[PDB]
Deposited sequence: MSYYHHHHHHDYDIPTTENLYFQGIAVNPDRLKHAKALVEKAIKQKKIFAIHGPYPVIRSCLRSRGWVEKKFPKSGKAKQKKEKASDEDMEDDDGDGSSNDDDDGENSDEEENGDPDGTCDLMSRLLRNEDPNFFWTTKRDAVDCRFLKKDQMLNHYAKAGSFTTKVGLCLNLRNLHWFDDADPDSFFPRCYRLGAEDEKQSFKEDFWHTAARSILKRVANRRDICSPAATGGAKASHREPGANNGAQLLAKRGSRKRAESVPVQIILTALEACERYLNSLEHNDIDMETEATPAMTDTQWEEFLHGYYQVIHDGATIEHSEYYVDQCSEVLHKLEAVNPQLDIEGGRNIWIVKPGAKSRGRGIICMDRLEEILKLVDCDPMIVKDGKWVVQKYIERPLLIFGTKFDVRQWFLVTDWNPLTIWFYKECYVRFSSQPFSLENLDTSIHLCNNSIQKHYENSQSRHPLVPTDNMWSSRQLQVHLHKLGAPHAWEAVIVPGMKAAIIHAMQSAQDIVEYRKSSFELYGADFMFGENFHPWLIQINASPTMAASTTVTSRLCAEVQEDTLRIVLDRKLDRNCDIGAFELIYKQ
C-alpha cells in the first residue's frame, strides 16, 4: 500500500486559484529547473507547455510568464501586453558578425567612441589598403626587433604618409632577411612608438597579416565578411582564452542594459578548461597588474556592450513585457584591453562545469530579481546585476 495525500486536491485547488488571481502562472519550454524552482518559491504555479494536478486545473488559463530556449517557441505577436517572455521578437543584427560589423561602422551616429578601440577592424579597396599598411607596419616591427633594403624604404614611406608584398611574404613566411636593416632599427622604433598612440590595434594585430576560414595571403583571399585576426592576444599559460560576459536588456527605449558583475574564462589549463572571474583576478595580480580588472577590463566590456546595443538599427518594435539575456565574448590584448569578438542571444545555461553550474544558476535567479521582484519593490536586491545604461 502506497500513501496518498488527502489534501492534494484541496491544496492544488487553493494554490491555483491564488496563482490565477495574483497572475503567477508560468510555463517553461526547455531544461530550466533553476527557473522553475525560483518561480515556485516565489509562489508561482506551472502550466505545462501534485504539480501535474495543478497543471490540469490551469487548462483554460493563459500563463503570465514564458521562459523558453528559443524565441520561436512563442509567437509573441499574439500575447497580451502583460504577458512576459524572455525573448524579444528578433535576436538583433549584432548577434551576427556581419551585422555587428555594419553597425559599429556607423557608431559615430550615436557616440564619439572609436570602434577600432574595442572591435577588430572588419570589412564586408579599403581592405586591400589596410592589408598593405598592415604589411608595412609589420616590417617596421620586424626591423625594430634576402630582400633589398627598398622593402624598408616603402614601409617607412607608407606609415609616414598615413600619419612590396612579394618581399613581405618572403620575410614573414619564407624567412628572408632585409639588406642593411641594421641602419633602420631606430627609425622603425620611432615610427612605431608614434603609431602606438594613434592605432589601438597595433599590438594585437601581430605581424603575419592573418585575417578571418583564415588566410594570410591577399590574393588567395580576394580570389574567394573579412576581419583582422588577433595574432597577439593575452595568454595565460601559453594558451588562448576568452571571457563570456552576460548582460540583460529589459527595454530598448529607453535602452536599458544590466551588467552581470560575474563572468568566466574559457581556455582554448584546468581540466574543465575554465576559470571563475575571481580566479582570473588573482592571476592578473600574480602578473603584477592590480589595475587591469577594475580600471581597464570591466569598464571596457561595459562600454563595448553599450556601443553594440546603441548602434543596433534593425530593432523597430518590441514588447515592453519582453526582455532578453545576451552573452558577449571578449578577448584581451597584452595591455589587458578587452576586444569584442561576438554577441550571442540566449547563451547556454548548461551546467557543463563546476564554474558554469554556479554562475548559470545565479544569473537565472538574478534575472528574475530584475524582471519580477523589481516590479514589487524598486529598491530590492538584484544579485550580481548592475545597471550600466538607461537612455
| query | finding |
| --- | --- |
| Missing segments of the deposited chain sequence, listed N- to C-terminal | 1-23, 73-118, 194-200, 222-260, 279-303, 353-364, 377-389, 434-466 |
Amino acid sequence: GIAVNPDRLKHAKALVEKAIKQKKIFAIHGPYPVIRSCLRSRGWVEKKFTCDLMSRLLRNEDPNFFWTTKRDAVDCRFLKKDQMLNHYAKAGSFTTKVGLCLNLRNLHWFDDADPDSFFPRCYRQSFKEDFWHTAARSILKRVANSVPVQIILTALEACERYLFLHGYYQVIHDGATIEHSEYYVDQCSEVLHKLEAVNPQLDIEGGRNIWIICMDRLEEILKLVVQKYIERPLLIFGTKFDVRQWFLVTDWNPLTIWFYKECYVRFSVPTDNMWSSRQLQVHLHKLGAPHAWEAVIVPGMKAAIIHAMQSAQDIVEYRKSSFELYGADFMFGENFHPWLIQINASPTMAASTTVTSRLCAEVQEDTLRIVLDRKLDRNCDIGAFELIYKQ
From here on, numbers count along this sequence of modelled residues.
item: 150-158 set against 77-85, stretch whose average Cα temperature factor tops the other in the entry; value: 150-158
item: Stretch with the higher entry mean CA B-factor, where the candidates are 280-288 and 302-310; value: 280-288
item: Residue with highest C-alpha B-factor in the PDB entry, from 232, 166, 141, 71; value: 166
item: Of the residues 119, 247, 127, 264, the one carrying the largest Cα B-factor as recorded; value: 127
item: CA B-factor placement of residue 320, once the chain's modelled residues are sorted into thirds; value: lowest
item: Residue 91 CA temperature factor, ranked by third within the chain; value: middle
item: Third of the chain, ranked by Cα B-factor, where residue 242 sits; value: middle
item: Residue 366 by Cα B-factor - lowest, middle or highest third of the modelled chain; value: lowest
item: Ranked C-alpha temperature factor of residue 46 among modelled chain residues, by third; value: lowest
